[PDB]
Structure formats: structure tokens, C-alpha cells
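Coming up are structure 1 and structure 2: the same protein chain in two forms, each one given alone as C-alpha cells.
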Structure 1
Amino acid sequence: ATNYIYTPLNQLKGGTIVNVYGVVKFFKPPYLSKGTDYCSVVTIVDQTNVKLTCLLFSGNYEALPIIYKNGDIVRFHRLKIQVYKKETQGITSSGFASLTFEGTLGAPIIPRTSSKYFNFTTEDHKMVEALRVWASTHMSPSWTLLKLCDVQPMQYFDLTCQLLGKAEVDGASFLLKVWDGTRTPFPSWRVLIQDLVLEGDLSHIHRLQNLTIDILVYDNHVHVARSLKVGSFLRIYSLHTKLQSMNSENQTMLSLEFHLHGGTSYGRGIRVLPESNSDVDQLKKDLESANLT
């Protein structure tokens, strides 16, 4: 019946509506724009080495493409191609649909989407396979995904972790206690709050004495951090590590501060990962096999 046509990225013409395949070179996770809709920016590339920046809006958070890391594969349906500031641009059209897939080779091809129904043929399977192979042979694995035991000060990195606590601070910032099974090379800093709003298992937090790190998010991230469920697994993008000379108790001690600065550049944000994700499986293996006395 329905046979969707997929336009190569080097053949895109402005003023049309197309369906596309691509690999994610960069993406901003969905964030509240100054309008009424969540916004998501996604730069994709295909075999033609031509890049396309897509600008997607939706009132439903899950309707936007479910992207978890660079190298993921995406398929877009009903994307409008236009020209903004003498540059080609992709934007949301009426009835926009999205499928996403893991980029790792050999992994099962499992569509991630919010659409109730979607079209998927064997040719889609083969195209996802081909894009996976092309991304393996033409892109690089992300060096920004580090475990806590590998981080260095003054550094931006992406963290796959589990959340253990939340707390209010000053309104402009919000506290998140997280862990990933590994101990940082330097003990984490400890943000102080007069009246603690520690939503979480206090005994379980303290038992993990130094595997827990404090993360202070700011501005637009605050709202998102307020809506997170304790125990869920998170990916925090472009977290910033700094070194510190004296702690919150005004003692002399070198500590690692983790900040999630305001704005959305370099993908700074948070995304909740489902337990069906394989990185979450490895994270579970690390959380269970953690050194603690």
C-alpha cells in the first residue's frame, strides 16, 4: 500500500515536505522554548556527507524524536524543508513522525517512538543497517561518555547514572544526587541547604558514602530536574567538572564540583533512559558490582 519515498540529504530542496534518514551528529534534548511547545534541535548526516539541521516543535515531550546519544539513527516523516538565513533548514510539519534506533552494530533494530502506529518495511531495516555500518566507518564513538572514575577537572562530559535524591536550593538552582557505581578520583563537593528537601532514601544515600556525587543544575534545567523520579536512570549531557580548594564546611579539601549550566548549547540537558536501553544494562551491572565497605 503506502510506499514512502526517502530523499537523500544532498538532494533536499527548499519549500518541500520530505521523509529522511540520518545519523545524529548533534542534538539538543527537548526543552521548553519561549513559545508553547517543547523544542528539539537535531543535526543529522547521511552517506552523502551533507548535514541537515532540523528544528522540531511539539506540545508533547515524547512526540519529539527519542534521541539518547550521538550516533543514533533517526527516520523523519513529513519534515518541511525551508531556507532560513541563506541556509537549508528542517522544521516540523503537520503530522510529523519520528523513529529512532540504536547506532551500535549488530544490536536489534527496535523502533523508539511515541506514535501508536507507524509504517516499517524490510527496506527500512536494510537502510538502518547500512546507516549503522556507514556511521561505524565514518564517525567516531563519543568520548564524552565517561564513568565517574575517569573524569578530570575542568572538563565537559556526558554522564549515564542513576538518581538517588533531589532537593531545592535557591530557586535558580536545583540539587541532584546521582551515582554510577564508580568513585570519582576526587571526593565530590557537597552543596549545603538550610532546610533539606531531600526526596530520596536517606539511608541508601548515606550507605553509598562517596559513590554519590552532587550535581547543581541551573535555570531552564531546574524545572526538568524537579520532575524526575528518584531511582530512574538519567543521561546528563555536557556536565561541567571543576576543582575546589575548600568544602562547604570551610575545611581545606580538594573536591570535584559538577555543574549543569544554563542554556541548551552542546546539548546541556537531561534525558530519562528506559531500562530497555543497553547502556542502562551496563550501568546496572556496575551498580550491583560496586565496591563498598
Structure 2
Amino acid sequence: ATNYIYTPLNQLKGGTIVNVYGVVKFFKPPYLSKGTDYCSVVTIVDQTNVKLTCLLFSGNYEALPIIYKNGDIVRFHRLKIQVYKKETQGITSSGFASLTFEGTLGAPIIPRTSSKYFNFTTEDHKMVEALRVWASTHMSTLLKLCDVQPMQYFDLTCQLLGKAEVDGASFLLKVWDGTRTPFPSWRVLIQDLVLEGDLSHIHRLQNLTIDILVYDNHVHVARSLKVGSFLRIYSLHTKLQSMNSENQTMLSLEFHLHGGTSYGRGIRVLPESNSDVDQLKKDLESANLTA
């Protein structure tokens, strides 16, 4: 007899293990913590409008919620509820499992999860649709490089073209999205044999590519990325450079992925089954012809 009960977020009590549905208001993509497992922080909200911050840990990266953007809808099974500093918080419990869905009205309802076996009923369809209806109104779009501003944080959907070690504390990712930034990208000094990727393709693209420097904890992740894959770089930071190291006046746009995980700073590889990747590929094809 399989009957799952979902608890409204405003009815959660400490010292319990529950099942919940919610819309993602904020999230830190999976990152190897200072401990044993990978960690993902997800703040969800539902019709009760009560927010719940969930601390999710797992030895396997894919076991954590497959969330690609705020607004996504999640279903959490075996979520433990506890109190931390008078604040109720959700944390992973043994057997924790999640399903993630697109959060926009009319979008396909395709559960994303690493679980081989999982319960999925008509009730789940209704639950998801109900959250999309609520979200369309109680709460809430992809920025192209040609539209970035001088100094801001943003999430960049792009394709990785090249990788290059720099100084251990930082690592270079050369990416593109098919559009050109308003000011030329800065260019990190690279070495001779260090940059991996199609050098001639990169050279022909000229300023269609940008240099992103990632720091600290982001380095080993960047080091593992496969050239040619599609990525979403969260909370990338743009900074215009009007004065160079030799004290000369100029203009270049710097791109930094600063150390730490605050505000979701991180990188998640986007599979080709991702609808944003389909659109990106077309922009890349178009840019490739006129260049």
C-alpha cells in the first residue's frame, strides 16, 4: 500500500521526517563541502507562502536536487525537519529523494531525478500544476552576453570552448553564447601549452568568446569540465576595467566567479535535454556562420 502524504510548509514540526512540494526561491547548486559529501542549499515556498530552507547532503553529486533555475518546482521525499537557532530547517534524511520540474505554466511536466525507481502519480501532476498556478502570480528570462552591464551579478548559460590553468588559486574558462559583450572581454595571461580546446575555433571567434576567471573552491570543478559542454554559471560577476596594471586608461569587461558559495555562486553542467540548451545551440550556429 503506497500512499504518500505531503505536508504544507506551514505545518512542519521539528523532530520529524516528511515529504514536501515547493517552488525554488533560492538554491546553491551541489558543491563539495568541507566535509564528506556534496552540499546543496535550497529554499522552497508553497501556497502557505512559508519559506523553508533545506540543507541537503550526499556522497553522490546527482543524488541532490537537479535544479537549474529559481522557479523550478521540487518534490522532496524523506526530508528531516529540525530546529537550528529557533529556526526550523530541512535536512537530508536516509533515503532522501527528489524530483524537479520546470516551474512555468504549460511547460512539459518531466520529473528530473537520479533515482532509478520512484513514485509518480496523477496526484503529482496536480501538485505541480497547482504550484505553477500559484507561482505565476505569488512569485515571479535569460541574459545574453550582449546585454550584460558594467558591474552586476548574473547567471550565464553558455558553451565551454577552452580551459586553462592559471596559478592554482584561479582557473580560466573561455566560453561564449553567440553574442558579443558591449566592451571587449579582458584576457587573462595564459601560457603556451596550457589552454585546452579548439584553439583555431577560439581564435576565429574573436571577441565572441569571453574569459572567466574562477577562484578557490570553484577551481577543481572548472578543472573537471569537458570542453564543448554547456554550462550555467551562477552569480558570475562583471567588472569593467578602466585602469590596467601599468596604470594606463582603457576599457575591458572582467568576468569573475568569486570564491565561496554565497548567492549560489557555482557551476552546473546543462545536459542537451535542457530546453535552454536547444535555443543556445541555434544562437551559436548563427554566430558561427557570421564569423
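Under this definition, the rigid core comprises the largest set of C-alpha atoms superposing within 1.5 Å between the forms. Residue numbering: structure 1 sequence, from 1. Only residues modelled in both forms are compared.
Trainee: Have a look at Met253, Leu55, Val50, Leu228 and give me the residue whose C-alpha moves 2 Å or more between structure 1 and structure 2, with the fit done on the rigid core.
Mentor: Result of the superposition: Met253 is the only one at 2 Å or more.
Trainee: Once you overlay the rigid core, does the Cα of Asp195 travel 2 Å or further between structure 1 and structure 2?
Mentor: Result for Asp195: yes, a 2 Å-plus shift.
Trainee: Could the core-superposed CA displacement of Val74 between structure 1 and structure 2 be given in angstrom, to one decimal?
Mentor: For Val74, the alpha-carbon shift amounts to 0.4 Å.
Trainee: At 2 Å or more of Cα shift, core superposed, where are the runs of at least three residues that differ between structure 1 and structure 2?
Mentor: Flagged stretches (3+ res, CA at least 2 Å): 193 to 196, 245 to 253, 291 to 293.
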